[PDB]
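In the authors' numbering, the protein residues as written are 1 to 72.
Quick reminder that beta carbons are idealized off the backbone N, C-alpha and C, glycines included.
What follows is one structure encoded as structure tokens, with my remarks underneath.
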Amino acid sequence: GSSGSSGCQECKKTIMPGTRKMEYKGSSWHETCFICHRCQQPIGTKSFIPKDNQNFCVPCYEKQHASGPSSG
Ligand SMILES: [Zn+2]
Ligand SMILES: [Zn+2]
């Protein structure tokens, strides 16, 4: 609301100051809402490759930019 000048992007909800959030480019994402785009899992705080407008883990991202001309 007022006290908390923060907000989520996924569920566009008010991220309380108590829970953990992922601040990326001014925007924020609930510790969960920040799940992966491939495995759809809550990466959280670990080795992960943040995509321009998405998020992919190490094993997931690699697949996106790995030997594989087939996509669609
Ligand atoms: Zn959210
Ligand atoms: Zn993943």
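Quiz item: How big is the Cα-Cα spacing for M22 and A66?
Solution: 27 Å
Practice problem: Starting from the C-beta of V58, find all residues in its chain whose C-beta is less than 7 Å away, skip the five residues before and the five after it, and write them out in chain order. | Solution: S47, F48 and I49
Quiz item: Helix, strand or coil for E23 per DSSP?
Solution: strand
Quiz prompt | Residues near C11 by beta carbon distance below 8 Å, same chain, minus five either side | solution = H30 and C33
Quiz item: What is the DSSP secondary structure of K13, reduced to helix, strand or coil?
Solution: coil
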